[PDB]
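Structure, as structure tokens:
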Amino acid sequence: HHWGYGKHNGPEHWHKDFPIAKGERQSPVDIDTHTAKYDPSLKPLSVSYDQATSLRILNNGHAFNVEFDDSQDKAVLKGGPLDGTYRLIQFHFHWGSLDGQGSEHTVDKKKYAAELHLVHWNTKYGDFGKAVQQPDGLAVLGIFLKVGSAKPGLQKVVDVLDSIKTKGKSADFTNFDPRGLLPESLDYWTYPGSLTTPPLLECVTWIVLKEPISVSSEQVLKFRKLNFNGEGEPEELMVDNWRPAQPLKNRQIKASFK
Ligand SMILES: CCOc1ccc2nc(S(N)(=O)=O)sc2c1
Ligand SMILES: [Zn+2]
């Protein structure tokens, strides 16, 4: 018995093994656009992904991760509300069984079809495992996906999913350029939060972009063909691997735009 998104082990049960689930800075949250405070102190984001080196794609039983070499400052995030340099380590998505759900964050209670998370860690802490123990250890860039026109930069990912259908499977995935997944504008909202899967540690500066990217129905359909289970196990489709919104408590969401 282990955590998941099922009836018997989903997000409402997580607190029994991970009591920080009922914490003061949990994620995701609903972004109320009218109560978000514009902050003119906030800088533009600096996304430097020209030298990224992707290595692998892995089905870990709850999503698929694209992993990067983070042994050097190749692909880094700076600026915005951040102090210091954060290295990209992996990205993954959360998605729904239907196009009207699947994102983790919501915007004025609107749900999107999926949410992309680009996970970065603060190089001051030397390794990812140390960074997750620090209140400023991680910076996660969140991008919403809406269904419409296809996203060409996503297709290389969609085409390899058949090779990692079940939990524990991995495939080589080199020379993938994550710049192809970014929207045109880098205007964002930011708040202090947590990992959205166990262990739910409260180490994340969330940076959620205002502008969604569009993907085709056929692309997201391919996500829903993945399996939570391992090969040879009873087939459970990997859908609805999103955590619902958590209370904001004593936090303020800031906007970099008005
Ligand atoms: C410490 C084991 O690695 C983890 C565990 C949970 C986790 N959640 C996220 S998310 N959904 O981007 O907030 S990235 C991440 C990395
Ligand atoms: Zn995530």
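When a ligand or atom number is given, it counts from 1 through the structure's own listing order. Hydrogens, waters and symmetry mates are skipped; everything else that's a heavy atom, side chains included, is used. One is the number of the first residue; the rest follow in order along the sequence.
Per-atom contact check: atom 5 (C) of ligand 1 touches the protein, criterion being a heavy-atom distance below 4.0 Å.
With respect to the Zn ion (ligand 2), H117 has ND1 as its nearest N, O or S atom.
In summary, the atoms of ligand 1 found under 4.0 Å from a heavy atom of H94, numbered by their order in the structure, are 11 (N). Taking every heavy atom of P198 and a limit of under 4.0 angstrom, the matching atoms of ligand 1 come to 5 (C), 6 (C).
Contact of the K167 side chain with the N227 side chain is not registered, since no non-hydrogen atoms from C-beta on lie closer than 4.5 Å. Taking 4.5 Å as the limit, some side-chain heavy atom of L82 sits within range of a side-chain heavy atom of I207. Counting heavy atoms from C-beta outward, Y191 and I31 have side chains that stay 4.5 Å or more apart.
Looking only at heavy atoms of the protein, atom 12 (O) of ligand 1 is closest to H92 CE1, 3.3 Å. Looking only at protein heavy atoms, the nearest one to atom 3 (O) of ligand 1 is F128 CE2, 4.0 Å. Residue, atom and distance of the protein heavy atom nearest to atom 9 (C) of ligand 1 are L195 CD2, 3.9 Å.
Between the side chain of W206 and the backbone N or O of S194, at least one donor-acceptor pair lies under 3.5 Å. Between the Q252 side chain and the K37 main chain, no donor and acceptor come within less than 3.5 Å of each other.
When only interatomic distances are considered, the shortest N/O to N/O separation between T196 and ligand 1 falls below 3.5 Å.
Between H62 and the options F228, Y5, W3, a ring pair (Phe, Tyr, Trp, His ring centres under 6.0 Å) holds for only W3.
Between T197 and ligand 1 there is a heavy-atom distance shorter than 4.0 Å. The shortest separation from a heavy atom of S27 to ligand 1 is not under 4.0 Å, leaving the residue out of contact.
Residue-level proximity to ligand 1 for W206 is carried by the side chain, the only part with a heavy atom below 4.0 angstrom.
Within a 6.0 Å sphere centred on CG of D50, other residues, nucleotides and ligands contribute more than 12 heavy atoms.
For the atom pair CG (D127) and OG (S71), the distance works out to 12.5 Å, reported to the nearest 0.5 Å.
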